[PDB]
């Protein structure tokens, strides 16, 4: 797993991403912004009841971020490097923006919580493993640290070469060896949907491991969150245009449109 500062050119960061399916970006989010956001979402996180048994076994998952945290909708969402890398991954010259959000979720592995099974994120699109290691990307998660990731508080366990394996399968597996995603608040891993990984078991006793996941998918795929339905137009009018398209308030013809027109015309976001 290579590592870059977020001051590094996008061509550089994305090259390691293509090769290994997986890069680490240091200060991908400014640590002051991450702690404002984290502070802002805290009354809501406290209001979440942990379950013990499931992917929600002693894990907090919370997606109401753009509606709850001003720092998220105004500053954290407006990451230029993210869009450079997303552009390079998903977009074709002349087709607009080739990507949108699948989900934007804070995941907090509680203490004692168990190692999540080794999966690929692209198992969500069941057919995608068949196109093989040389398939186009469907999914890229920018899995960010809100609080520190240690090996023992549940840092994501990643397999670096998974990106290029012979047969991408449901991990029916013939090899049935993982590395922790150690990082500091503000860092992030940028992970292909081809990369095998899973949450780590939080062996600590009070270290609530908090993360901020930006799950992005190609324009032609349906997201797990019905964002433009449950986000209010009040918040949407505070987002930048590229961010409104991230959440399905714009079409920025091809998909998610109104008779070939952008849906944002209908919603008032675009005026002729």
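Positions refer to the first chain, counted from 1.
With respect to the deposited sequence, is there a break between residue 176 and residue 177 in this entry, and if so is it 1 to 3, 4 to 9, or 10 or more residues, or none at all? Going from residue 176 to residue 177, the model skips 1 to 3 residues of the deposited sequence.
Deposited but uncoordinated residues in the residue 53/residue 54 interval: Missing residues, residue 53 to residue 54: 1 to 3.
Quick check on the record: does 185 to 193 or 112 to 120 carry the larger mean Cα temperature factor? The stretch with the larger mean CA B-factor is 112 to 120.
Mean C-alpha B-factor comparison - 156 to 164 and 103 to 111, higher one: Of 156 to 164 and 103 to 111, the stretch with the higher C-alpha B-factor average is 156 to 164.
Given 133, 200, 126, 148, identify the residue with the highest C-alpha B factor in the PDB entry. Top of the list by C-alpha B-factor: 133.
Should residue 46 be placed in the lowest, middle or highest third of its chain by the C-alpha B factor in the entry? Tercile = highest for this residue's CA B-factor.
CA B-factor placement of residue 209, once the chain's modelled residues are sorted into thirds: Bottom third by C-alpha B-factor.
Entry-reported Cα temperature factor of residue 234, expressed as the chain third it lands in: Ranked within chain, residue 234 CA B lands in the highest tercile.
Using the B-factor values recorded in the entry, state whether the Cα atom of residue 83 falls in the lowest, middle or highest third among the modelled residues of its chain. Lowest third - that is where residue 83 ends up once the chain's C-alpha B-factors are sorted.
Would you mind ranking residue 169 by its C-alpha B-factor against the rest of the chain and naming the third, lowest, middle or highest? Highest third.
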